[PDB]
Every structure is written in structure tokens, then in C-alpha cells.
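For reference, the chains in residue letters:
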Amino acid sequence: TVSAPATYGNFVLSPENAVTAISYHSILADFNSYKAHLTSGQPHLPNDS
Amino acid sequence: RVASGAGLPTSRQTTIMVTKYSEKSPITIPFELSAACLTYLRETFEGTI
């Protein structure tokens, strides 16, 4: 009896992503997370979205 | 009409009638909307930032 997932995942866009999608035609996942990690100097991310 | 003197022909009174007429001159300005603009006005897709 495999315990397979029951539902599709979902990947909402960030309100910060809406700006770089318009001015730069580009989206770097979790733009709010990279700002905090570069502020904190921490090199590693727990997960890549 | 001024009253005349002896031996000079008198002046008959003259009613005058006249009429003005109106003139037409209409105006027009075109303004256009791209269908891509209208389609976001009325249709609305998955509501995303």
C-alpha cells in the first residue's frame, strides 16, 4: 500500500515577482528569500521552491 | 422718408423684407481600443498578482 500524494502542488507568484516580471521579464523563485539571505549573509537555502 | 418740396417728386414708402439661413458643419473624432485591452476588461482569468 503506497502512500502516494493526493493532490497537485501549486506555485503562487510573489508580489515582488510581479515587478521583475514586468521590468525584466524574469522571475527568480522566492525573491523575498534571497533578500533575507543576502542580508543575513547565509549561503545555503533550506529548499529551492 | 423725408417730406419733399415744391415741384420735386415725392418719395414712396418702401417696406423691405429679408431672411437669414442656418448652416450645418458637424465634427467627429475616432478613438480605438485594442482587443487585447478589451479582453482583460471583461474576461478575467485565474486571479493572479
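The structure this text deals with has already been given above.
Attention in this report is confined to the structure presented alongside it.

Some remarks on the overall build of chain B
Step number 1: Check the secondary structure of chain B and you find 1 helix and 0 strands.
Step number 2: Oriented by its inertia axes, the alpha-carbon framework of chain B measures out at about 105 × 15 × 10 Å.
Step number 3: A total of 49 residues make up chain B; the buried ones form 0% of that total.
Step number 4: If you sum the accessible surface of chain B, you get close to 5900 Å²; carbon and sulfur atoms cover 58% of it.

Structural notes on the overall build of chain A
Step number 1: In terms of regular secondary structure, chain A is built from 2 helices and 0 strands.
Step number 2: Taking all 49 residues of chain A together, 10% fall into the buried category.
Step number 3: About 4500 Å² of surface is accessible on chain A, with carbon and sulfur atoms providing 60% of the total.

Focus: the packing of aromatic side chains
Residues and elements named next belong to chain B.
Step number 1: Under the criterion given, the structure shown has 1 aromatic pair over all chains.
Step number 2: Ring geometry for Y40 versus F45: centroids 5.1 Å apart, planes at 70°, classification edge-to-face.
Step number 3: Assessed through its relative accessible area of 58%, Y40 is described here as exposed.

Details of a nonpolar patch on the surface
Step number 1: A surface patch of nonpolar side chains, about 420 Å² in accessible area, is lined by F11(A), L13(A), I27(A) and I49(B).
Step number 2: Within the element layout of this structure, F11(A) appears in the segment before helix 1 (17-23).

Focus on the environment of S49(A)
Step number 1: Tracing the chain through its elements places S49(A) in the segment after helix 2 (31-40).
Step number 2: With near-sequence residues (within four places) excluded, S49(A) lies in contact with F11(A), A29(A) and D30(A).

What about the side chain of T20(A)?
Residues and elements named next belong to chain A.
Step number 1: Along the chain, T20 falls in helix 1.
Step number 2: Overall, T20 belongs to the buried group, its relative accessible area being 12%.
Step number 3: Contact partners of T20, with chain neighbours within four places excluded, come to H25, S26 and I27.

Focus on unusual backbone geometry
Residue and element names in this part refer to chain A.
Step number 1: At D30, a residue that is not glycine, the phi angle is positive and equals roughly 55°.
Step number 2: Looking at where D30 falls in the secondary structure, it is placed in the loop between helix 1 and helix 2.
Step number 3: Judged by its relative accessible area of 40%, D30 falls in the partly exposed class.
Step number 4: In this structure, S49 is a non-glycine residue whose phi angle is positive, near 65°.

Rules behind the numbers
Residues numbered from 1 in each chain as written, not as in the entry; some residues may be left out. Chains lettered and ligands numbered in written order. Part of a larger assembly, values for the part shown. Heavy atoms only, no water. Helix = DSSP H or I, 4+ residues; strand = E, 2+ residues; numbered from the N terminus. Buried < 20%, exposed > 50% of the residue type's maximum accessible area, 1.4 Å probe, protein only. Areas by Shrake-Rupley, 256 points an atom, 1.4 Å probe, with all protein chains shown as cover. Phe/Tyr/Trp six-rings, centres within 6.5 Å; stacked < 30°, edge-to-face > 60°. Patch = residues over 30% accessible without salt bridge, like charges linked within 9 Å, V, L, I, M, F, W, Y side chains within 5 Å. Salt bridge = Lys/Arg side-chain N within 4 Å of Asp/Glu carboxyl O. Contact = heavy atoms within 4.5 Å.

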